């Protein structure tokens, strides 16, 4: 993948989500939670100023907020997901935002990037990859 810009500001609505089940299973998220969440449309709100990100992922079941500064390791406590601690580091690789979440689970992280007018997110854990695509709702520019 390749990002067309580093500016990820805006509100984005999920248009596809593939193998979210596999990803959730790899995180040991319980059956009942998986069944509720698997096909609920998510919305992502990204507030970005340079390297400083504030993000919200919302649905009619659960939300998940994570804020970070690119380059700076932080303690991500994954409440409402698997309730673990990971040492999260988000970096740019070209115009792809790459997160590695170091902790118990192997190969845990995500990659997020813009192509033209859509936002793409790939979530990984263990041997599972989930691919998501979000259409634009709002951008500042």
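Numbering follows the first chain given and starts at 1.
Visitor: When the C-alpha temperature factors are averaged for each of 90-98 and 27-35, which stretch ends up with the higher value in the entry?
Guide: It is 27-35 that shows the higher mean C-alpha B-factor.
Visitor: Could you check which stretch, 101-109 or 77-85, carries the larger mean CA temperature factor in the entry?
Guide: Comparing 101-109 with 77-85, the higher average CA B-factor belongs to 77-85.
Visitor: Going by the entry, which third of its chain does the Cα temperature factor of residue 21 land in?
Guide: Its C-alpha B-factor, which the entry lists for residue 21, ranks in the middle third among residues of this chain.
Visitor: Relative to the other modelled residues of the same chain, rank the CA B-factor of residue 13 and answer lowest, middle or highest third.
Guide: Its C-alpha B-factor, which the entry lists for residue 13, ranks in the lowest third among residues of this chain.
Visitor: Lowest, middle or highest third: which one holds residue 136 when the chain's residues are ordered by CA B-factor from the entry?
Guide: Middle third.
Visitor: Please place residue 55 in the lowest, middle or highest third of its chain by C-alpha B factor as given in the entry.
Guide: Middle third by C-alpha B-factor.
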